[PDB]
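To start, the structure itself, in structure tokens.
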Amino acid sequence: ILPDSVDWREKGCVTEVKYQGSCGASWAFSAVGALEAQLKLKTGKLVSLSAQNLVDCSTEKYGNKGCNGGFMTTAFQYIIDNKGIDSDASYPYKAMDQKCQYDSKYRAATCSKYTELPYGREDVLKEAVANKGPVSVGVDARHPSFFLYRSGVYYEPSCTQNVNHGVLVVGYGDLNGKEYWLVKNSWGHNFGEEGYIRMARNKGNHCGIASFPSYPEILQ
Ligand SMILES: Cn1c(=O)n(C2CCN(CCCn3nc(-c4ccc(Cl)c(CNC(=O)c5ccccc5)c4)ccc3=O)CC2)c2cc(Cl)ccc21
């Protein structure tokens with residue numbers, strides 16, 4: 001029996017909202033956000049991890065294009081292959097494509113594996129968010145209603161299931177019966193509800209939220 005509502009922020013597993021600026025690095029912020037929660041679950045410490053590390057180092061071999069887009073799954077594979085990712089403090093975000101500056105001396109997390117969830121299955125996504133932690137997802141954010149969102153449960157009839165923006169599902173619930181996914185964005189804390197958007201849940205894979213979910217794990 002899953003909880004009716006989940007909010008990983010209340011459990012100390014979510015870092016402060018980040019601001020990607022003019023660099024299309026949402027995939028990198030989605031990936032580090034998911035791994036940040038697993039690091040807290042494993043070690044008890046909450047540490048912001050380096051999105052810039054992914055932008056600069058998880059590149060053409062991983063199909064990623066830095067400030068021009070990428071995949072959360074191949075970001076996880078880079079962290080696995082590299083045997084680490086630096087802290088955000090040591091490798092801070094510059095919103096630019098740079099040469100790789102990874103230094104194992106400042107490693108703050110590792111990744112053992114990642115799991116992809118089946119396309120469009122919001123029931124499986126709910127289970128993963130409840131039982132595993134925050135889940136990286138793509139959404140279709142190419143709608144003014146999306147970036148103009150201020151509060152409430154977001155529903156856009158013109159939304160598609162084809163994703164183009166990486167975000168992090170940190171919980172779920174309902175607002176007076178309107179079910180939602182609790183989504184951490186990387187557009188700063190003045191977007192939406194202090195940086196978050198509550199997106200329609202169980203409305204036919206609204207905006208592609210459950211099209212391509214994935215989450216990392218840190219295993220002993
Ligand atoms: C080593 N390696 C891989 O493992 N892949 C993977 C990448 C993930 N796909 C899974 C496809 C699932 N899928 N995901 C998205 C998707 C999910 C999240 C996000 Cl936010 C985005 C947005 N990202 C982009 O639109 C993007 C832009 C520029 C460069 C890369 C991605 C897309 C869209 C369609 C689709 O079938 C399998 C091959 C590789 C792909 C390439 Cl092109 C080159 C090397 C790769």
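Residue numbering restarts at 1 for every chain of the structure tokens, chains are lettered A, B, ... in their displayed order, and ligands are numbered from 1 as they appear.
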Original post:
Got a sec: who's within 8 Å of residue 147 in chain A, counting only C-alpha atoms, leaving out chain neighbours fewer than 5 positions off, as a ChimeraX atom specification?
Top reply: /A:141,191-192
With a cut-off of 9 Å, could you pull out the residues of chain A touching ligand 1 and give me the nearest pair of atoms for each, distance in Å to one decimal, using only C-alpha atoms and all ligand atoms, ordered by chain and ascending number, as a Markdown table?
| residue | atom | partner | partner_atom_place_in_ligand_line | distance |
| --- | --- | --- | --- | --- |
| A:24 | CA | ligand 1 | 27 (C) | 8.9 |
| A:25 | CA | ligand 1 | 20 (Cl) | 8.9 |
| A:26 | CA | ligand 1 | 20 (Cl) | 6.8 |
| A:27 | CA | ligand 1 | 20 (Cl) | 4.9 |
| A:28 | CA | ligand 1 | 20 (Cl) | 8.6 |
| A:30 | CA | ligand 1 | 20 (Cl) | 8.0 |
| A:59 | CA | ligand 1 | 44 (C) | 8.9 |
| A:60 | CA | ligand 1 | 43 (C) | 6.8 |
| A:61 | CA | ligand 1 | 44 (C) | 5.7 |
| A:62 | CA | ligand 1 | 1 (C) | 4.3 |
| A:63 | CA | ligand 1 | 43 (C) | 3.3 |
| A:64 | CA | ligand 1 | 29 (C) | 4.5 |
| A:65 | CA | ligand 1 | 29 (C) | 5.0 |
| A:66 | CA | ligand 1 | 29 (C) | 7.8 |
| A:67 | CA | ligand 1 | 28 (C) | 8.8 |
| A:68 | CA | ligand 1 | 28 (C) | 5.8 |
| A:69 | CA | ligand 1 | 27 (C) | 3.8 |
| A:70 | CA | ligand 1 | 30 (C) | 3.5 |
| A:71 | CA | ligand 1 | 19 (C) | 5.0 |
| A:72 | CA | ligand 1 | 18 (C) | 6.3 |
| A:73 | CA | ligand 1 | 8 (C) | 6.3 |
| A:74 | CA | ligand 1 | 4 (O) | 5.4 |
| A:77 | CA | ligand 1 | 4 (O) | 7.6 |
| A:136 | CA | ligand 1 | 18 (C) | 8.3 |
| A:137 | CA | ligand 1 | 18 (C) | 6.3 |
| A:138 | CA | ligand 1 | 18 (C) | 4.3 |
| A:139 | CA | ligand 1 | 20 (Cl) | 7.3 |
| A:162 | CA | ligand 1 | 33 (C) | 6.8 |
| A:163 | CA | ligand 1 | 32 (C) | 5.6 |
| A:164 | CA | ligand 1 | 22 (C) | 4.2 |
| A:165 | CA | ligand 1 | 20 (Cl) | 4.6 |
| A:166 | CA | ligand 1 | 20 (Cl) | 3.8 |
| A:167 | CA | ligand 1 | 20 (Cl) | 7.4 |
| A:211 | CA | ligand 1 | 17 (C) | 7.8 |
| A:212 | CA | ligand 1 | 17 (C) | 5.4 |
| A:213 | CA | ligand 1 | 17 (C) | 7.7 |
Subject >> residue 160 in chain A surroundings by only C-alpha atoms, 7 Å radius, close-in-sequence under 5 positions cut, as a ChimeraX atom specification >> reply: /A:140,207-208
Write the residues of the selection above to a file with C-alpha atoms, as a tab-separated table (two decimals), in the first residue's frame.
chain	number	residue	atom	x	y	z
A	140	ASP	CA	7.15	18.73	-22.71
A	207	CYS	CA	3.13	16.41	-20.80
A	208	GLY	CA	5.09	13.16	-21.04
Subject >> Within 9 Å of residue 93 in chain A using only C-alpha atoms, minus same-chain residues under 6 positions, as a PyMOL selection string >> reply: chain A and resi 20+50-53
If we count only C-alpha atoms, what is near residue 175 in chain A at a cut-off of 12 Å, once residues fewer than 2 positions away on the same chain are taken out, given as a PDB file with N, CA and C atoms, in the first residue's frame?
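Wrote selection.pdb, looks like this:
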ATOM      1  N   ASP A   4      -0.712   7.968   0.177  1.00  0.00           N
ATOM      2  CA  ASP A   4      -1.522   8.796  -0.710  1.00  0.00           C
ATOM      3  C   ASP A   4      -0.741  10.000  -1.205  1.00  0.00           C
ATOM      4  N   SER A   5       0.229  10.467  -0.421  1.00  0.00           N
ATOM      5  CA  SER A   5       1.049  11.617  -0.783  1.00  0.00           C
ATOM      6  C   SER A   5       2.483  11.383  -0.324  1.00  0.00           C
ATOM      7  N   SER A 151       0.894  28.758  -9.742  1.00  0.00           N
ATOM      8  CA  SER A 151       0.442  27.950  -8.618  1.00  0.00           C
ATOM      9  C   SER A 151      -0.649  27.003  -9.082  1.00  0.00           C
ATOM     10  N   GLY A 152      -0.947  26.032  -8.226  1.00  0.00           N
ATOM     11  CA  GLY A 152      -2.012  25.092  -8.477  1.00  0.00           C
ATOM     12  C   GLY A 152      -1.513  23.856  -9.200  1.00  0.00           C
ATOM     13  N   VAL A 153      -2.459  23.094  -9.736  1.00  0.00           N
ATOM     14  CA  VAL A 153      -2.129  21.889 -10.483  1.00  0.00           C
ATOM     15  C   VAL A 153      -2.167  22.228 -11.964  1.00  0.00           C
ATOM     16  N   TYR A 154      -1.014  22.094 -12.611  1.00  0.00           N
ATOM     17  CA  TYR A 154      -0.850  22.473 -14.007  1.00  0.00           C
ATOM     18  C   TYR A 154      -1.485  21.450 -14.936  1.00  0.00           C
ATOM     19  N   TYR A 172       4.302  13.417  -4.806  1.00  0.00           N
ATOM     20  CA  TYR A 172       2.993  13.400  -5.447  1.00  0.00           C
ATOM     21  C   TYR A 172       1.925  13.621  -4.386  1.00  0.00           C
ATOM     22  N   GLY A 173       0.722  13.932  -4.847  1.00  0.00           N
ATOM     23  CA  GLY A 173      -0.384  14.125  -3.919  1.00  0.00           C
ATOM     24  C   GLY A 173      -1.644  14.556  -4.634  1.00  0.00           C
ATOM     25  N   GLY A 177      -8.627  16.908  -4.593  1.00  0.00           N
ATOM     26  CA  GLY A 177      -9.004  15.873  -5.528  1.00  0.00           C
ATOM     27  C   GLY A 177      -8.277  15.896  -6.859  1.00  0.00           C
ATOM     28  N   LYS A 178      -7.630  17.002  -7.214  1.00  0.00           N
ATOM     29  CA  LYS A 178      -6.814  17.060  -8.422  1.00  0.00           C
ATOM     30  C   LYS A 178      -5.457  16.440  -8.120  1.00  0.00           C
ATOM     31  N   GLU A 179      -5.209  15.245  -8.652  1.00  0.00           N
ATOM     32  CA  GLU A 179      -3.955  14.555  -8.391  1.00  0.00           C
ATOM     33  C   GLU A 179      -2.813  15.234  -9.137  1.00  0.00           C
ATOM     34  N   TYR A 180      -1.634  15.259  -8.511  1.00  0.00           N
ATOM     35  CA  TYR A 180      -0.485  15.918  -9.114  1.00  0.00           C
ATOM     36  C   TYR A 180       0.803  15.163  -8.820  1.00  0.00           C
ATOM     37  N   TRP A 181       1.797  15.459  -9.650  1.00  0.00           N
ATOM     38  CA  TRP A 181       3.200  15.146  -9.434  1.00  0.00           C
ATOM     39  C   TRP A 181       3.883  16.408  -8.926  1.00  0.00           C
ATOM     40  N   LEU A 182       4.722  16.270  -7.899  1.00  0.00           N
ATOM     41  CA  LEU A 182       5.474  17.398  -7.343  1.00  0.00           C
ATOM     42  C   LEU A 182       6.838  17.437  -8.025  1.00  0.00           C
ATOM     43  N   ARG A 198       3.443  21.743  -9.652  1.00  0.00           N
ATOM     44  CA  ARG A 198       2.589  20.581  -9.437  1.00  0.00           C
ATOM     45  C   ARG A 198       1.872  20.282 -10.745  1.00  0.00           C
ATOM     46  N   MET A 199       2.161  19.116 -11.328  1.00  0.00           N
ATOM     47  CA  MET A 199       1.709  18.765 -12.673  1.00  0.00           C
ATOM     48  C   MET A 199       0.668  17.657 -12.611  1.00  0.00           C
ATOM     49  N   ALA A 200      -0.328  17.740 -13.496  1.00  0.00           N
ATOM     50  CA  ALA A 200      -1.443  16.793 -13.480  1.00  0.00           C
ATOM     51  C   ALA A 200      -0.961  15.344 -13.508  1.00  0.00           C
ATOM     52  N   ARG A 201      -1.508  14.543 -12.595  1.00  0.00           N
ATOM     53  CA  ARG A 201      -1.171  13.131 -12.458  1.00  0.00           C
ATOM     54  C   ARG A 201      -2.385  12.281 -12.820  1.00  0.00           C
TER      55      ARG A 201
END
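Taking CA of residue 14 in chain A and CA of residue 133 in chain A as endpoints, the distance between them is 10.1 Å.
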Original post:
Which one of A:184, A:206, A:40, A:113 sits closest to residue 7 in chain A if you count only C-alpha atoms?
Top reply: A:184
Subject >> Selection near range 79-92 of chain A, 6 Å with only C-alpha atoms, sequence-local residues under 3 positions removed, as a PyMOL selection string >> reply: chain A and resi 48-50+76+106-112
Find the spatial neighbours of residue 130 in chain A, counting only C-alpha atoms, within a cut-off of 8 Å - ignore same-chain residues fewer than 6 positions away - and output them as a PDB file with N, CA, C and O atoms, in the first residue's frame.
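Writing the result to selection.pdb gives the following:
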ATOM      1  N   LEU A   2       0.784   2.016  -1.074  1.00  0.00           N
ATOM      2  CA  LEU A   2       1.567   3.228  -1.215  1.00  0.00           C
ATOM      3  C   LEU A   2       0.928   4.369  -0.430  1.00  0.00           C
ATOM      4  O   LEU A   2      -0.292   4.431  -0.303  1.00  0.00           O
ATOM      5  N   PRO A   3       1.727   5.307   0.072  1.00  0.00           N
ATOM      6  CA  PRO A   3       1.136   6.495   0.698  1.00  0.00           C
ATOM      7  C   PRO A   3       0.340   7.301  -0.316  1.00  0.00           C
ATOM      8  O   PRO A   3       0.651   7.320  -1.511  1.00  0.00           O
ATOM      9  N   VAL A   6       3.426  11.927  -1.095  1.00  0.00           N
ATOM     10  CA  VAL A   6       4.856  11.840  -0.813  1.00  0.00           C
ATOM     11  C   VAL A   6       5.481  13.203  -1.083  1.00  0.00           C
ATOM     12  O   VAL A   6       5.105  13.883  -2.040  1.00  0.00           O
ATOM     13  N   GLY A 171       7.813  14.074  -5.434  1.00  0.00           N
ATOM     14  CA  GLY A 171       6.686  13.621  -4.649  1.00  0.00           C
ATOM     15  C   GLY A 171       5.425  13.616  -5.489  1.00  0.00           C
ATOM     16  O   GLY A 171       5.471  13.791  -6.708  1.00  0.00           O
TER      17      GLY A 171
END
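Candidate residues A:43, A:115, A:161, A:190 were compared for distance to residue 209 in chain A, and the nearest is A:161, using only C-alpha atoms.
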Original post:
Which of range 16-187 of chain A counts as strand (DSSP E or B) under DSSP, as JSON, numbers by chain please?
Top reply: {"A": [19, 24, 49, 68, 85, 86, 87, 107, 108, 109, 113, 114, 115, 116, 135, 136, 137, 138, 139, 153, 154, 165, 166, 167, 168, 169, 170, 171, 172, 173, 174, 175, 178, 179, 180, 181, 182, 183, 184, 187]}
Subject >> alpha helix (DSSP H) residues, from DSSP on the backbone, in range 6-210 of chain A, as a ChimeraX atom specification >> reply: /A:26-43,51-57,72-82,122-131,144-147
Original post:
Using only C-alpha atoms, which of A:131, A:149, A:99, A:35 sits nearest residue 194 in chain A?
Top reply: A:149
**OP:** Give the answer as one residue: which of A:129, A:54, A:218, A:23 has the shortest atom-to-atom distance to residue 169 in chain A, using only C-alpha atoms?
**Re:**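 Residue with the minimum atom-to-atom distance to residue 169 in chain A: A:129.
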